[PDB]
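Q: Got a structure here, written out as structure tokens. Questions coming.
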Amino acid sequence: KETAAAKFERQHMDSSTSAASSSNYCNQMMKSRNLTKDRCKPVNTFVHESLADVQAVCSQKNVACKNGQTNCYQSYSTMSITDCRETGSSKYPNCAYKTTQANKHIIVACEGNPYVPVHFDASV
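Position 13, counted from 1, in the sequence shown is what my numbering calls 1416; the numbers after and before it change by one each time, with no gaps.
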């Protein structure tokens, strides 16, 4: 099945663009990554950086995860992110997102060997 590592790239990485360039980024991106296959994913964040730079977060600042888990990491640096929030007009299968671009610190959950990002926790 797809790995938690691969899932994360699919759901959260967007190295092809430096920022969202239009209000439709989210609608376009949530669809083509398959996040709207079974239901409207209510919220999702895309990171507009190198895979390598996101993977490095696993050896940055250790912080507790919002759920109390202790395998979270916070980026020393701010990163180009795209926030996607479902809209009041959202109706499955026509999922609708509000697109919000920001530069923030990203907090991820890391697991395995190689020890990499498996979960996007929050942006701070």
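Ideal placement from N, C-alpha and C gives every residue a C-beta, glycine not left out.
According to DSSP, simplified to helix, strand and coil, what is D1456?
A: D1456: helix per DSSP, three-state reduction.
Q: Helix, strand or coil, according to DSSP, for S1418 in the structure here?
A: Note: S1418 maps to coil in three-state DSSP.
Q: In chain order, what residues of the same chain have a beta carbon less than 7 Å from the beta carbon of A1467, not counting five sequence neighbours either side?
A: For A1467, where only same-chain residues beyond five positions count, the Cβ hits under 7 Å are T1473 and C1475.
Q: Tell me whether the beta-carbon of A1409 lies closer than 8 Å to the beta-carbon of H1451.
A: It is not a contact, given that the beta carbons lie outside the stated cut-off.
Q: Count the other C-beta atoms from every protein chain shown that fall within 10 angstroms of the C-beta of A1512, then say buried if there are 16 or more, exposed otherwise.
A: Buried, since its Cβ has 16 or more Cβ neighbours within 10 Å.
Q: Helix, strand or coil for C1461? Go by DSSP, reduced to three states.
A: Correct three-state label for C1461: helix.
Q: Note the first and the last residue of the continuous alpha helix (DSSP H) segment covering residue 1538.
A: The requested residue 1538 is not part of the displayed model; the chain covers only 1404 to 1527.
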